[PDB]
Structures are given as structure tokens and as C-alpha cells.
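Just below is one structure, and these are the notes that go with it.
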Amino acid sequence: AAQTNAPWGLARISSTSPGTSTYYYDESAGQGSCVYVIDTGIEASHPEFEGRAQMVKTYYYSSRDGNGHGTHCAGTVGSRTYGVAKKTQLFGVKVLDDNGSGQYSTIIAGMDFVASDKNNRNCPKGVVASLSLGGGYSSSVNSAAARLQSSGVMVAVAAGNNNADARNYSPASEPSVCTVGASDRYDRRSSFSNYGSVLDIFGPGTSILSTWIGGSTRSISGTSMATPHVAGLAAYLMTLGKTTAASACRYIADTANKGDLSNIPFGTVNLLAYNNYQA
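When you line the sequence shown up against mature numbering (1 follows the signal peptide of the UniProt record, and there is no 0), it's residues 91 to 369, in that order.
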């Protein structure tokens, strides 16, 4: 299947060269897998989610996404027009307030919730977790991401938007999860993209058009937008049975567009997430 006039990042991860506009993807489209979006929430009422999105946990007076960031990222995972795996299930975990912020204790509690809640869900093709969030280094936030990743959930985290080495950021620096840097439409490392050896992959992260609250859309930038590109791809690849939770990050990095990226500092992998779709 193909999506014409797709957002450039959808077209990117299905192409070996930049500049293209059509998103090529196997028709399975991540059907049968679940991605837990760990963010400000999701407006599951957005027609773009087609009923395949729902809130499962909030840590605030409401589960309503009043920030838009979680709706946007869940849109990149599995929305109809702006998503990598367009038939996947979308579970909202609201550990960020409507200002985008959130305590470490809350973010750890959300990861522990997802690791348990998945045992109450129907995800025969596996469980992915998209973590569009950042913070300073924390051994405890890292332990939560590691736990969740080891409980059987493919964990994708953002490298962070600091233009620095990602080793000083959690859960970005947890060695066992998938740390995602950001790229732009001309195959450059995004100006803000954290880097370093702990990075496993780069995804489209600059000017990413996806769903937004109120039933709208808006294009924003950040390694937080590169993460749902990878989480969705992991769900897509897992549904196709090409990988599993424990190995999706490594499989995505081995199947990646190698070396295509400009301005990659020495010692950071030069891999662009790629679904390698042939029809």
C-alpha cells in the first residue's frame, strides 16, 4: 500500500533517498500490536485515530490531552494520515501535565503501569511504548525504562532536544531501550537533536505534521517527534513478524538507511529508520 502526499517523515522512513513524498508500507499497517503513548494524553476522539485510540491511565485531574503533544505523537504512531502503523492500537498514558512537564516519580509510575497494564490488553503482535519526553540523568528513570523494556515492551525514548551528548539525559541514556535522535527532510541531524554513542537510531523529527487536539493538525519539531516514528515502525515491523519487542531496536538499526545523515558527530550512529518495504 502507498500513501500519496504523506508527511515527509512517513515518506522518509519508506525511502532510501530524501525529498520523496509517498509513504510505502505493507498493508498490515501494524494491525494487532499496541503502542502505549506516554505523554500529555491523547484526544482519542480525533477522527484520525478512527476509534483505535483510548486513554488507559492519567496521573492528573483529567485524562484529557490539554497540551496537544501526546495527541501529536500518537498521531505519528498510528493515525490514519500522519501515522507509521495506521491499524495499530493506541493507548494513552498521561504522565505529563497539560504544560508538558511531569515529575520523575510520575514518569516511573507510568512505565510500571504500562509494564503491568499490557497483561490486560490484546496485543498478539506485541507491545511498543513511545516516550516523547526528556529529563536530566536519573538512575531511577533509567531503571523504569529498563524494567518496561525487559517486561516485554519495545521502548522508544527521545534523545532529547539539547544539541548535546544524550548520556546526560534519562530515559535517553538507558542502554537497553531505543534512544531516538531526530533528523530533518534534507537528511541532516536536527539542529536540536541530542547525539552520542547511546543513540540507536535517527527518525524524522523536524517539522513533523501530525494530529493535534481540538480535532486539528500542526507541524512541530523535536526528538519527541522522532520517537513515535520509530515506535510505530517497531509496531509495524513486529506485526509483520520481522522482529519482536526485545530485538526491534536492534533490527531497526540493522535495517536502517546507513550513513545517509549529515552532521552526525563522531561516535554517534548514522542510521535513519527505514521499513525496507518492497511490494
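Where a beta carbon is used, it is the ideal one built from N, C-alpha and C, also for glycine.
Inset, instruction - Name the residue from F356, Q239, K215 whose alpha carbon lies nearest to the alpha carbon of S123. - result: Here the question's residue 123 lines up with position 33 in the sequence shown. Among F356, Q239, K215, the Cα nearest to that of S123 is on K215.
Inset, instruction - Measure from the alpha carbon of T345 to the alpha carbon of each residue in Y194, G357, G304, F292, then state which is nearest. - result: As a working note, residue 345 is residue 255 in the sequence shown. It is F292.
Legend entry - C339 - containing beta strand (DSSP E), residue span: Position 249 of the sequence shown, counted from the start, is the residue given in the question as residue 339. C339 -> not in any beta strand (DSSP E); alpha helix (DSSP H) instead, spanning 338-344.
Inset, instruction - Consult DSSP for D350 and reduce its assignment to one of helix, strand or coil. - result: Locating residue 350 in the sequence shown gives position 260, counting from the first residue. Coil.
Legend entry - Bridge partners - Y285, DSSP secondary structure assignment: The residue labelled residue 285 in the question sits at position 195 within the sequence shown. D255.
Inset, instruction - Would you mind working out which of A143, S233, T148 sits nearest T130, comparing C-alpha positions? - result: For the purposes of this step, residue 130 is taken as the residue at position 40 of the sequence shown. For the residues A143, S233, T148, the minimum Cα distance to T130 belongs to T148.
Inset, instruction - Please name the residue or residues paired with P294 in a DSSP beta bridge. - result: For this step, residue 294 is matched to residue 204 along the sequence shown. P294 pairs with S273.
Legend entry - Range of the contiguous beta strand (DSSP E) that encloses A236: By 1-based counting over the sequence shown, the position of residue 236 is 146. From DSSP, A236 is part of no beta strand (DSSP E) but of the alpha helix (DSSP H) over 229-240.
Legend entry - Buried or exposed (CB count within 10 angstroms, at least 16 for buried), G331: Against the sequence shown, residue 331 aligns to sequence position 241. So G331 ends up on the exposed side.
Legend entry - Cα-Cα separation between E138 and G158, rounded to whole angstroms: Taking the sequence shown and counting its residues from 1, one reaches residue 138 at position 48. Taking the sequence shown and counting its residues from 1, one reaches residue 158 at position 68. The alpha-carbon atoms of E138 and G158 are separated by roughly 14 angstroms.
Legend entry - Residue of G242, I303, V217, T313 minimising C-alpha distance to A254: Numbered from 1 along the sequence shown, position 164 holds the residue referred to as residue 254. That would be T313, whose Cα lies nearest to the Cα of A254.
Inset, instruction - Reducing DSSP to helix, strand and coil, say where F181 ends up. - result: In the sequence shown, residue 181 corresponds to position 91, counting from 1. In this structure, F181 counts as strand in the three-state DSSP scheme.
Legend entry - Close beta carbons around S111, own chain, < 8 angstroms, minus the five adjacent residues each side: Residue numbering aside, residue 111 sits at position 21 when the sequence shown is read from its first letter. Result list for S111: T94, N95, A96, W98, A101, in chain order.
Inset, instruction - Return the CA-CA distance between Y126 and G182, expressed in angstroms with no decimal places. - result: Stepping through the sequence shown from its first residue, residue 126 is reached at position 36. Stepping through the sequence shown from its first residue, residue 182 is reached at position 92. In a straight line, the C-alpha of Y126 is about 6 angstroms away from that of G182.
Inset, instruction - Give the range of the beta strand (DSSP E) segment to which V204 is assigned. - result: Your numbering for residue 204 matches position 114 in the sequence shown. First-last for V204: 194-207, but that is the alpha helix (DSSP H), not the beta strand (DSSP E).
Legend entry - Cβ shell of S300 (< 6 angstroms), same chain only, five flanking positions each side left out: Walking along the sequence shown from the start, residue 300 turns up at place 210. Within the same chain, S300 has close Cβ partners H162, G165, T166, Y172.
Inset, instruction - Keeping to the same chain, check which residues put their C-beta closer than 8 angstroms to that of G271; ignore five residues upstream and five downstream. - result: Within the sequence shown, numbered from 1, the residue matching residue 271 stands at position 181. Result list for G271: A249, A256, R279, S280, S283, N284, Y285, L289, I291, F292, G293, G295, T313, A316, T358, in chain order.
Inset, instruction - Grab the span of the alpha helix (DSSP H) containing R211 for me, first residue to last. - result: The residue labelled residue 211 in the question sits at position 121 within the sequence shown. Where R211 is concerned, there is no enclosing alpha helix (DSSP H), given that its DSSP letter is neither H nor E.
Inset, instruction - Note down the Cα distance separating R340 from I128, rounded to an integer number of angstroms. - result: Locating residue 340 in the sequence shown gives position 250, counting from the first residue. Locating residue 128 in the sequence shown gives position 38, counting from the first residue. In a straight line, the C-alpha of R340 is about 22 angstroms away from that of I128.
Inset, instruction - Quick one: measure Cβ to Cβ for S228 and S191, integer angstroms, because I've assumed they're closer than 8 angstroms. - result: Position 138 of the sequence shown, counted from the start, is the residue given in the question as residue 228. Position 101 of the sequence shown, counted from the start, is the residue given in the question as residue 191. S228 to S191, Cβ: 15 angstroms. No contact.
Inset, instruction - Return helix, strand or coil for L186, following the three-state DSSP convention. - result: Here residue 186 corresponds to residue number 96 of the sequence shown, with the count starting at 1. Residue state, collapsed to three classes: coil.
Legend entry - Segment limits, alpha helix (DSSP H) that includes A325: Stepping through the sequence shown from its first residue, residue 325 is reached at position 235. Where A325 is concerned, the enclosing alpha helix (DSSP H) stretches over 313-329.
Inset, instruction - Assign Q368 to buried or exposed, taking buried as 16 or more other Cβ atoms, counted over all protein chains shown, within 10 Å of its Cβ. - result: Position 278 of the sequence shown, counting from 1, holds the residue named residue 368. That one is exposed.
Legend entry - DSSP-derived helix/strand/coil call for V125: In the sequence shown, residue 125 corresponds to position 35, counting from 1. Of the three classes helix, strand and coil, the one that applies to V125 here is strand, per DSSP.
Inset, instruction - Report all residues from its chain with a CB closer than 8 angstroms to the CB of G168; omit the five preceding and five following residues, and keep chain order. - result: Looking up residue 168 in the sequence shown gives position 78. Excluding positions up to five away in sequence, the list reads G120, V125, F139, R142, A143, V174, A175, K176, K177, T178, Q179, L180, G322, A325.
Legend entry - Residue nearest to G160 in terms of C-alpha spacing, selected from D207, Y150, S195, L221: Sequence index remark: in the sequence shown, residue 160 carries index 70 (1-based). The residue with the shortest Cα to Cα distance from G160 is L221.
Legend entry - Residue closest to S195, alpha-carbon to alpha-carbon, out of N360, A219, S230: As a working mapping, residue 195 is identified with position 105 in the sequence shown. Looking at the Cα atoms, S230 is the closest of the given residues.
Inset, instruction - Return the CA-CA distance between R275 and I354, expressed in angstroms with no decimal places. - result: Looking up residue 275 in the sequence shown gives position 185. Looking up residue 354 in the sequence shown gives position 264. Their backbone Cα atoms lie some 15 angstroms apart in a straight line.
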